[PDB]
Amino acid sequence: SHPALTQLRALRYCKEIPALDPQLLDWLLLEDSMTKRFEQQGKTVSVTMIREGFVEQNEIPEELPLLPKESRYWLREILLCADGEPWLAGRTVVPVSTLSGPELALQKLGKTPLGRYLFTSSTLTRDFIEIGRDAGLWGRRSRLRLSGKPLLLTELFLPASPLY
């Protein structure tokens, strides 16, 4: 895609959680997206849509092993901005079995930034979180569940974000 997405795809991982300082970890291990925390920075948070739509197994080689093997998945790539400055690149992969009931919202977000705040009757849990990095930036990937249905969320923190 975009330069930020190339970096997101180039993250080198581990849930081999590094011994980072309290604050960095508090950020990287957050069991939610960054939307509300970026908002508390006193900024208007918005989504710059790079692309999203359904994809099949042959377009998701790296996520594939982390997800159930299905006929299609919703793929969503965006830049999360604070007063128009990209602060994070987000890539979400949702197996189609997850896209139903309240979780059907995940393929319907569009310009709405993802967050636990959006699913008020859905319990959010997390199978795992791993921290990665590339080119001087921290990123992370996690397998989350809403009402028990999985989704893979990968996030890369850009220089202007508050993690730095």
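Numbers follow the displayed sequence, beginning with 1.
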Residue range whose averaged C-alpha B-factor is higher in the record, 143-151 or 8-16: 8-16
Higher-scoring stretch by recorded Cα B factor average, 77-85 or 90-98: 77-85
Of the residues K36, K43, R116, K108, the one carrying the largest Cα B-factor as recorded: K43
Which of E130, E62, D127, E31 ranks first by CA B-factor in the deposited coordinates: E62
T123 by Cα B-factor - lowest, middle or highest third of the modelled chain: highest
Chain-relative CA temperature factor third for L163: highest
Among modelled residues of the same chain, the CA temperature factor third for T112: lowest
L104 - which third its CA temperature factor falls in, relative to the rest of the chain: lowest
Relative C-alpha B-factor of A135, binned into the chain's lowest, middle or highest third: highest
